[PDB]
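Chemist: First, the structure itself, so that you have it in front of you.
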Amino acid sequence: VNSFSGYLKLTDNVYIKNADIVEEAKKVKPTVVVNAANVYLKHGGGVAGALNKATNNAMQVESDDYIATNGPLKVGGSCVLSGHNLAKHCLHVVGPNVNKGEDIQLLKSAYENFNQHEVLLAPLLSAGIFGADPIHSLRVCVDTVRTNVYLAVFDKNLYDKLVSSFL
Ligand SMILES: O=C(O)C[C@H](NC(=O)c1ncnc2[nH]cnc12)c1ccccc1
């Protein structure tokens, strides 16, 4: 038993809610919150800007040190950093950004990072301003992630569309 509330059940391991991931994290304090990061860990907008703002820019400061030491991530890759005031850890996962012309096939590789963690609070990778088809991304999530994932969808109309079309 865990502490998430009001989530709709989709498969053996995936739950979904129309919610602000920042507020879900502040409430649950999950072991792992997933950030929809880019390879430079420049947290400007979307999930990343929202999470970083909620940490008072501490996420960005930590991320800049990470990049200075290690260089950029790969599209499809991830790193584990602090969750600051939101979670124990933040798993920064880079899905492909269709608005940058990146390869949508890399979405499955991106979701595979979730399997290294027993339970996660996460956004829908590559959706929103990342420009991929969100129905396709939810499908890839359910068909790739085997650990317990609690998906937070910000946009109400999107959430309703995703639930109503889920197979
Ligand atoms: O779920 C959605 O609608 C799409 C989702 N975007 C957000 O979650 C989001 N965006 C902006 N500001 C926010 N403040 C709280 N959540 C926020 C997203 C998924 C993947 C990559 C980029 C964005």
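By order in the structure tokens, chains are A, B, ...; within a chain, residues start at 1; ligands start at 1, following the order shown.
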Report as number ranges by chain which protein, DNA and RNA residues come within 7 Å of ligand 1, using only C-alpha atoms and all ligand atoms.
Modeler: A: 20-22, 36, 45-47, 49-50, 123-130, 152-155, 158
Chemist: Select from chain A everything DSSP, run on the backbone, classes as strand (DSSP E or B), then give the selection as an mmCIF file with N, CA, C and O atoms, in the first residue's frame.
Modeler:
data_model
loop_
_atom_site.group_PDB
_atom_site.id
_atom_site.type_symbol
_atom_site.label_atom_id
_atom_site.label_comp_id
_atom_site.auth_asym_id
_atom_site.auth_seq_id
_atom_site.Cartn_x
_atom_site.Cartn_y
_atom_site.Cartn_z
ATOM 1 N N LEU A 8 -6.737 6.882 -11.155
ATOM 2 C CA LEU A 8 -7.507 5.932 -11.937
ATOM 3 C C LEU A 8 -6.592 4.782 -12.355
ATOM 4 O O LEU A 8 -5.474 5.012 -12.824
ATOM 5 N N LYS A 9 -7.064 3.549 -12.204
ATOM 6 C CA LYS A 9 -6.254 2.376 -12.520
ATOM 7 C C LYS A 9 -6.366 2.007 -13.998
ATOM 8 O O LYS A 9 -7.475 1.849 -14.516
ATOM 9 N N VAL A 14 -0.031 0.708 -13.703
ATOM 10 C CA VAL A 14 -0.058 2.102 -14.131
ATOM 11 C C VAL A 14 -1.368 2.745 -13.685
ATOM 12 O O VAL A 14 -2.452 2.198 -13.923
ATOM 13 N N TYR A 15 -1.248 3.907 -13.039
ATOM 14 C CA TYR A 15 -2.354 4.709 -12.532
ATOM 15 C C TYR A 15 -2.225 6.115 -13.095
ATOM 16 O O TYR A 15 -1.126 6.542 -13.440
ATOM 17 N N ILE A 16 -3.340 6.852 -13.178
ATOM 18 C CA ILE A 16 -3.332 8.158 -13.835
ATOM 19 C C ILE A 16 -4.260 9.140 -13.126
ATOM 20 O O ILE A 16 -5.316 8.769 -12.610
ATOM 21 N N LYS A 17 -3.859 10.411 -13.119
ATOM 22 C CA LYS A 17 -4.624 11.461 -12.458
ATOM 23 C C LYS A 17 -4.437 12.773 -13.208
ATOM 24 O O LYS A 17 -3.348 13.055 -13.707
ATOM 25 N N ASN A 18 -5.499 13.573 -13.269
ATOM 26 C CA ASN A 18 -5.426 14.935 -13.794
ATOM 27 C C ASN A 18 -4.963 15.824 -12.645
ATOM 28 O O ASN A 18 -5.748 16.154 -11.753
ATOM 29 N N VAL A 32 10.634 8.740 -5.871
ATOM 30 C CA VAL A 32 11.115 9.178 -7.177
ATOM 31 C C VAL A 32 10.030 10.003 -7.867
ATOM 32 O O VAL A 32 8.909 9.521 -8.076
ATOM 33 N N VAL A 33 10.367 11.238 -8.236
ATOM 34 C CA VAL A 33 9.610 12.012 -9.206
ATOM 35 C C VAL A 33 10.418 12.055 -10.492
ATOM 36 O O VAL A 33 11.631 12.288 -10.467
ATOM 37 N N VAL A 34 9.740 11.847 -11.614
ATOM 38 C CA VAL A 34 10.366 11.907 -12.922
ATOM 39 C C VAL A 34 10.236 13.314 -13.484
ATOM 40 O O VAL A 34 9.143 13.895 -13.486
ATOM 41 N N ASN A 35 11.356 13.846 -13.982
ATOM 42 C CA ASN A 35 11.373 15.075 -14.748
ATOM 43 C C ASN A 35 11.450 14.766 -16.232
ATOM 44 O O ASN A 35 12.198 13.882 -16.657
ATOM 45 N N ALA A 36 10.679 15.506 -17.031
ATOM 46 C CA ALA A 36 10.763 15.426 -18.492
ATOM 47 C C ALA A 36 11.866 16.377 -18.966
ATOM 48 O O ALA A 36 11.627 17.496 -19.440
ATOM 49 N N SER A 78 18.918 8.942 -18.929
ATOM 50 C CA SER A 78 18.464 9.493 -17.662
ATOM 51 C C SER A 78 19.625 9.651 -16.695
ATOM 52 O O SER A 78 20.698 9.066 -16.871
ATOM 53 N N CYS A 79 19.377 10.423 -15.639
ATOM 54 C CA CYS A 79 20.253 10.429 -14.473
ATOM 55 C C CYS A 79 19.404 10.624 -13.224
ATOM 56 O O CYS A 79 18.309 11.188 -13.289
ATOM 57 N N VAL A 80 19.917 10.147 -12.091
ATOM 58 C CA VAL A 80 19.279 10.323 -10.791
ATOM 59 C C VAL A 80 19.962 11.469 -10.061
ATOM 60 O O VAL A 80 21.178 11.435 -9.847
ATOM 61 N N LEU A 81 19.183 12.477 -9.679
ATOM 62 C CA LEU A 81 19.657 13.590 -8.880
ATOM 63 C C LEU A 81 18.734 13.743 -7.675
ATOM 64 O O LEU A 81 17.824 12.932 -7.458
ATOM 65 N N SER A 82 18.984 14.772 -6.872
ATOM 66 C CA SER A 82 18.146 15.008 -5.709
ATOM 67 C C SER A 82 16.713 15.366 -6.109
ATOM 68 O O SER A 82 16.471 16.019 -7.124
ATOM 69 N N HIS A 89 14.339 11.521 -4.622
ATOM 70 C CA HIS A 89 15.144 11.592 -5.820
ATOM 71 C C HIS A 89 14.311 12.151 -6.958
ATOM 72 O O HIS A 89 13.085 11.985 -6.999
ATOM 73 N N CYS A 90 14.996 12.770 -7.916
ATOM 74 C CA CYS A 90 14.415 13.104 -9.209
ATOM 75 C C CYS A 90 15.134 12.302 -10.281
ATOM 76 O O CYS A 90 16.366 12.377 -10.396
ATOM 77 N N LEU A 91 14.375 11.508 -11.031
ATOM 78 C CA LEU A 91 14.886 10.804 -12.201
ATOM 79 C C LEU A 91 14.654 11.698 -13.413
ATOM 80 O O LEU A 91 13.513 11.871 -13.858
ATOM 81 N N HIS A 92 15.727 12.306 -13.921
ATOM 82 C CA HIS A 92 15.643 13.163 -15.103
ATOM 83 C C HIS A 92 15.709 12.259 -16.321
ATOM 84 O O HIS A 92 16.739 11.618 -16.546
ATOM 85 N N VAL A 93 14.623 12.175 -17.090
ATOM 86 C CA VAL A 93 14.535 11.283 -18.244
ATOM 87 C C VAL A 93 14.351 12.127 -19.496
ATOM 88 O O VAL A 93 13.488 13.009 -19.520
ATOM 89 N N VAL A 119 8.736 2.301 -7.721
ATOM 90 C CA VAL A 119 7.559 3.171 -7.743
ATOM 91 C C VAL A 119 7.995 4.565 -8.182
ATOM 92 O O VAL A 119 9.006 5.083 -7.696
ATOM 93 N N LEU A 120 7.214 5.198 -9.067
ATOM 94 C CA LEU A 120 7.531 6.537 -9.549
ATOM 95 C C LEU A 120 6.269 7.363 -9.742
ATOM 96 O O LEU A 120 5.226 6.842 -10.134
ATOM 97 N N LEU A 121 6.400 8.670 -9.500
ATOM 98 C CA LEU A 121 5.436 9.688 -9.913
ATOM 99 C C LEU A 121 6.004 10.374 -11.152
ATOM 100 O O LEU A 121 7.110 10.919 -11.100
ATOM 101 N N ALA A 122 5.268 10.348 -12.259
ATOM 102 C CA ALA A 122 5.839 10.736 -13.538
ATOM 103 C C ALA A 122 4.860 11.453 -14.453
ATOM 104 O O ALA A 122 3.645 11.254 -14.350
ATOM 105 N N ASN A 148 5.809 0.239 -10.798
ATOM 106 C CA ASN A 148 4.545 0.912 -10.489
ATOM 107 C C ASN A 148 4.672 2.398 -10.787
ATOM 108 O O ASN A 148 5.442 3.108 -10.130
ATOM 109 N N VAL A 149 3.907 2.873 -11.761
ATOM 110 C CA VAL A 149 4.002 4.251 -12.216
ATOM 111 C C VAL A 149 2.663 4.956 -12.029
ATOM 112 O O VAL A 149 1.607 4.443 -12.427
ATOM 113 N N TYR A 150 2.740 6.127 -11.393
ATOM 114 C CA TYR A 150 1.622 7.022 -11.150
ATOM 115 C C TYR A 150 1.817 8.226 -12.055
ATOM 116 O O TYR A 150 2.715 9.047 -11.829
ATOM 117 N N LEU A 151 1.003 8.298 -13.105
ATOM 118 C CA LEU A 151 1.113 9.331 -14.123
ATOM 119 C C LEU A 151 0.246 10.526 -13.758
ATOM 120 O O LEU A 151 -0.948 10.376 -13.477
ATOM 121 N N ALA A 152 0.848 11.710 -13.789
ATOM 122 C CA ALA A 152 0.150 12.963 -13.551
ATOM 123 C C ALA A 152 0.061 13.700 -14.876
ATOM 124 O O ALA A 152 1.085 13.926 -15.531
ATOM 125 N N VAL A 153 -1.156 14.049 -15.275
ATOM 126 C CA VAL A 153 -1.411 14.769 -16.515
ATOM 127 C C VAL A 153 -1.956 16.139 -16.152
ATOM 128 O O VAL A 153 -2.985 16.249 -15.476
#
Chemist: Extract, using only C-alpha atoms, all DNA, RNA and protein residues at most 8 Å from residue 95 in chain A, discarding same-chain residues fewer than 2 positions from it, and format them as a tab-separated table (two decimals) with N, CA and C atoms, in the first residue's frame.
Modeler:
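Resulting contents of part23.tsv:
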chain	number	residue	atom	x	y	z
A	36	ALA	N	10.68	15.51	-17.03
A	36	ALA	CA	10.76	15.43	-18.49
A	36	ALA	C	11.87	16.38	-18.97
A	37	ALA	N	13.10	15.90	-18.84
A	37	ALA	CA	14.29	16.71	-19.04
A	37	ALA	C	14.72	16.74	-20.50
A	38	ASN	N	15.64	17.65	-20.79
A	38	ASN	CA	16.41	17.66	-22.03
A	38	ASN	C	17.87	17.27	-21.72
A	75	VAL	N	19.57	11.40	-25.64
A	75	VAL	CA	18.13	11.23	-25.84
A	75	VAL	C	17.79	9.76	-25.62
A	76	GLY	N	16.79	9.51	-24.77
A	76	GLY	CA	16.47	8.18	-24.29
A	76	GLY	C	17.11	7.82	-22.97
A	77	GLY	N	18.03	8.65	-22.47
A	77	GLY	CA	18.76	8.37	-21.26
A	77	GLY	C	18.20	9.09	-20.05
A	93	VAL	N	14.62	12.17	-17.09
A	93	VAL	CA	14.54	11.28	-18.24
A	93	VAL	C	14.35	12.13	-19.50
A	97	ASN	N	12.15	14.93	-28.41
A	97	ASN	CA	11.38	16.16	-28.59
A	97	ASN	C	11.11	16.32	-30.09
A	106	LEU	N	12.86	6.53	-29.96
A	106	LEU	CA	13.60	6.59	-28.71
A	106	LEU	C	12.69	6.68	-27.50
A	107	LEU	N	11.38	6.83	-27.69
A	107	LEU	CA	10.48	6.94	-26.55
A	107	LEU	C	10.48	5.67	-25.71
A	110	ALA	N	13.47	5.68	-23.50
A	110	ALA	CA	13.27	6.62	-22.40
A	110	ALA	C	12.45	5.99	-21.27
A	111	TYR	N	11.33	5.34	-21.61
A	111	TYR	CA	10.51	4.71	-20.58
A	111	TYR	C	11.23	3.56	-19.88
A	125	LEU	N	5.86	11.05	-20.93
A	125	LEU	CA	7.06	11.45	-21.65
A	125	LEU	C	6.75	11.86	-23.09
A	126	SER	N	7.44	12.89	-23.56
A	126	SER	CA	7.38	13.40	-24.92
A	126	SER	C	6.03	14.04	-25.28
Chemist: Nearest residue to residue 72 in chain A out of A:41, A:28, A:59, A:86, using only C-alpha atoms?
Modeler: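 The closest residue to residue 72 in chain A is A:41.
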Chemist: When you count only C-alpha atoms, which of these residues is closest to residue 118 in chain A: A:157, A:3, A:57, A:147?
Modeler: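 Answer, going by the shortest atom-to-atom distance: A:147.
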Chemist: Would you please extract all helix (DSSP H, G or I) residues from range 2-167 of chain A, as assigned by DSSP on the backbone, and give them as JSON, numbers by chain?
Modeler: {"A": [21, 22, 23, 24, 25, 26, 27, 28, 46, 47, 48, 49, 50, 51, 52, 53, 54, 58, 59, 60, 61, 62, 63, 64, 65, 66, 67, 68, 69, 70, 98, 99, 100, 104, 105, 106, 107, 108, 109, 110, 111, 112, 113, 114, 115, 116, 128, 129, 130, 134, 135, 136, 137, 138, 139, 140, 141, 142, 143, 144, 156, 157, 158, 159, 160, 161, 162, 163, 164, 165]}
Chemist: Expressed in Å to a single decimal, how great is the separation between CA of residue 84 in chain A and CA of residue 140 in chain A?
Modeler: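 Answer for the CA of residue 84 in chain A to CA of residue 140 in chain A separation: 28.7 Å.
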Chemist: Excluding residue 56 in chain A and any residue of its chain fewer than 4 positions from it, enumerate the residues within 10 Å of it, using only C-alpha atoms, and give them as a list in words.
Modeler: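 Once the nearby chain positions are removed, what remains is residues 51, 52, 60, 61, 84 and 85 of chain A.
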Chemist: So what do you get for CA of residue 131 in chain A versus CA of residue 104 in chain A, distance-wise?
Modeler: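 Between these atoms lies a distance of 9.9 Å.
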